[PDB]
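What follows is a set of notes on a single structure, which appears directly below.
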Amino acid sequence: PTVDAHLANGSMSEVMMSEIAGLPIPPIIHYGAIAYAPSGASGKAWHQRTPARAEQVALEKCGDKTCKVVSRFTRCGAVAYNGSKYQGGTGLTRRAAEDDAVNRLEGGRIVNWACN
């Protein structure tokens with residue numbers, strides 16, 4: 001029997017998950033770091049997909065390959081400056097990070113931050 005022979009295409013769905021089906025979204029753990037040498041060398045990287053890359057990029061922006069005092073977090077980090085003292089707070093959210101930063105550092109103020 002002579003059948004119809006044509007490839008089957010259609011209209012693909014541009015949707016990813018839904019509300020009808022789509023479990024409450026667990027956080028997307030991104031990896032980041034803020035490399036801050038007391039020298040004033042600051043660098044930050046966030047929303048990375050690999051801890052190694054994040055760390056490398058943090059060191060990259062800091063400037064030193066071996067930039068230490070690097071804060072590595074998969075949360076949000078907030079760096080406060082207090083008269084040449086640099087303190088980095090950490091919280092899942094920037095609100096919690098600023099809260100932690102100001103918990104650990106008072107007197108000064110948060111001027112740098114980066115959230116994953």
On C-alpha positions alone, give me the angle between the axis of helix 94-104 and the longest principal axis of the chain, in degrees, nearest 10. 20 degrees
Full extension between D4 and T66 adds, at 0.36 nm per residue less the Cα distance, a length in nm of 15.6 nm
Ignoring everything except DSSP H segments at least 4 long, calculate the 222 nm mean residue ellipticity for the chain; use -39,500 (n - 2.57) per segment, divide by total residues, nearest 500. -6000 deg cm²/dmol
Relative to the longest principal axis of the C-alpha atoms of the chain, give the angle of the C-alpha long axis of helix 51-62, reported between 0 and 90° and rounded to the nearest 10°. 50 degrees
Stokes-Einstein translational diffusion, the stretch 27-74 - Kirkwood Rh over all Cα pairs, 1.567 mPa s, 4 °C, in µm²/s: 129 µm²/s
Listed by chain and number, the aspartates and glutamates with an alpha carbon less than 17 angstrom from that of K85, same-chain partners under 8 positions apart left out, are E98, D100, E106
Hey, what's the Cα Rg ratio for the chain versus the globular rule of thumb, 2.2 N^0.38 Å? 1.65
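No lab work stands behind these numbers, since they all come straight from the coordinates.
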